[PDB]
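Below: one protein chain in two forms, given as structure tokens, structure 1 then structure 2.
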Structure 1
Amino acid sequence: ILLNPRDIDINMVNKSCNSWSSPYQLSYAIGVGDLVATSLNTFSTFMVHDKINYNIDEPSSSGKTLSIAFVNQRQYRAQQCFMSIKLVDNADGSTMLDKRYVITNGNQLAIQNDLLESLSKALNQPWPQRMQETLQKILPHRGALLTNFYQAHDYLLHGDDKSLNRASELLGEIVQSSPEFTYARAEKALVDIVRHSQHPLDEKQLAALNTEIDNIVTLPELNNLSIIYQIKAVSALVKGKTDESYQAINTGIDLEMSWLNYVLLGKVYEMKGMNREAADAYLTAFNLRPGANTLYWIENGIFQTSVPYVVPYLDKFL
């Protein structure tokens, strides 16, 4: 296989460090990892394979690996686990970046902004204005909200009804505490239409939801964000408005190249009766973020999809 220098794998190692993580700071590393992958995929000509949730260590054409590893002071063999982040050029096996981070009470944002600035330099990849404004709009600016928001994100990833109820409740507690974090209201609205899709005959819930949505998609602080087209795409899908769903989701994709946007495009293709196009979107989502969470969303997200029938290549690959 020829290595491609513009092809980056993101890995996580030692998920069971020593002390003391734990979902405590694991959903943090997961969130930073996903944020990095999706920023690069959206705003640069790097292709990122986010393999944080992937079990198999297969052969890849990836010229760079970004590794997140949990490491204890060792001097004890197992204590307060520092976060080790290395960018390796797999062409030579040399280290282009080596960071060691200790989590604290108010450095979560710092750690992440320092990671982003440092990746910009190491990859000679300045970040476009559109990425800067996007990060400002999409992320809370206090550490504690960041912790809670990425925990919510971790429930969204799992994707089962129970997980979504918890994402939705966590996002509601965020919103009640900090009404000004508008993006979280947008995320809540999205988890909420996804949950409501499972109770199709509950029209009173549909009416409450159309209201929460209409009072979100109009907001100015959310103009030009993907979240807003994801909400419209799923809301239109649930209502059978396949063409509005298609146009919303392709606009969402233009704004955010995410595993989730491609799953949703796959769903819209299925509804349209175009299974080869669906399979294509799904295998794209799976390349972007391979593993059980994406697999679960392909198979169950919004409605059930038979992977043997719609995406046989993926059954055979796994």
Structure 2
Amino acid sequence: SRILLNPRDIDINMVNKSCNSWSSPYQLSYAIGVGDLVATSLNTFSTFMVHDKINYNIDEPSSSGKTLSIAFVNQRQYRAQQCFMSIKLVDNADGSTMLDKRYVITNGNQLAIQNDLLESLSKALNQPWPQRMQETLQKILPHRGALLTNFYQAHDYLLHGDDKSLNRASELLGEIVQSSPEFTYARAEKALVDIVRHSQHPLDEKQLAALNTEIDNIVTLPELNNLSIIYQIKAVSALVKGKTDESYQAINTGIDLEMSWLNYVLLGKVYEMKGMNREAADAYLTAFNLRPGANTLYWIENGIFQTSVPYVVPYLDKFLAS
């Protein structure tokens, strides 16, 4: 009956989301973005397997050898005092604390704090960060500090995936693009969001041609070479056009560049389009493993086209019911 702990399997949890009994946007979408970045970085660039459980409200038995916990903590020195962020890495094999950070976030220092956490995690996990990871991080985060809060907000809206959330993400990204023309990645993320929005509410012919021209210009930009986002755009554009082989090629390259819940959802959608439901279900279960919860389920059920969890993904249907 014994379940063996795996020291290279890590869960990320969030505790006390309601610092002031209420939420609470700002520190929270930042923390959600940090959690996603840590999970994606380790999944892509190390032999750790990370389950981002930030969006997962259930506690179940798991073989995770380590747990990274993000908690908001109030010093209670006066009413309505801002919480600080506590981040702890615990080894579940013996209960020891490997990393214990207290972070005060200041609407400006988000990248510096994140960098400190990444440096400390590298030391605690005996895990140097490879060159491609360091280069990628330089390209996928805004360096104008004033824009960070809204960038993290757009990210959280993307995770939610519904039409209203994507509409707001596109708006936020459009503002960032205007404010920071050099931050090419934001232009690419906005095109990805916009193609998905087109699948939700189809553009007229003129607007579609404009979006397609924008995609064409983006995917050839040399500074976005070697980023998963270009391949996500190529994959979603091909899915929309029903070009199955082109989408399959794109998303597998995207996955090499970024092991993320979203890339596995997109691979699932390609497999469904190919008439391969078992392979689709396997990709969707992978996505759910990487980031379990309502956000990933929303994308599985609704992203690009509708997918029946009972029919296409019966293991997950049964799991969710159990």
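Counting starts at 1 with the first residue of structure 1 and goes up one by one along its sequence. For the two forms, the rigid core is made up of the largest set of C-alpha atoms that agree within 1.5 Å on superposition. Shifts are known only where both forms have a C-alpha.
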property	result
Displaced residue between structure 1 and structure 2, judged on C-alpha after the rigid core is fitted, out of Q125, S163, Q247, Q79 (threshold 2 Å or more)	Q79
Rigid core fit then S177 CA moved by 2 Å or more between structure 1 and structure 2	no
Yes/no, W20 Cα shift of 2 Å or more between structure 1 and structure 2 with rigid core fixed	yes
Rigid core superposition, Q198 Cα moves 2 angstroms or more between structure 1 and structure 2	yes
Displacement in Å of the C-alpha of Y296 between structure 1 and structure 2, rigid core kept as reference	0.3
Once the two forms are fitted on their core, CA shift of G106 between structure 1 and structure 2 in Å	2.3
Superposed on the rigid core, segments between structure 1 and structure 2 of at least 3 residues with Cα shifts of 2 Å or more	18-21, 74-79, 142-144, 198-205
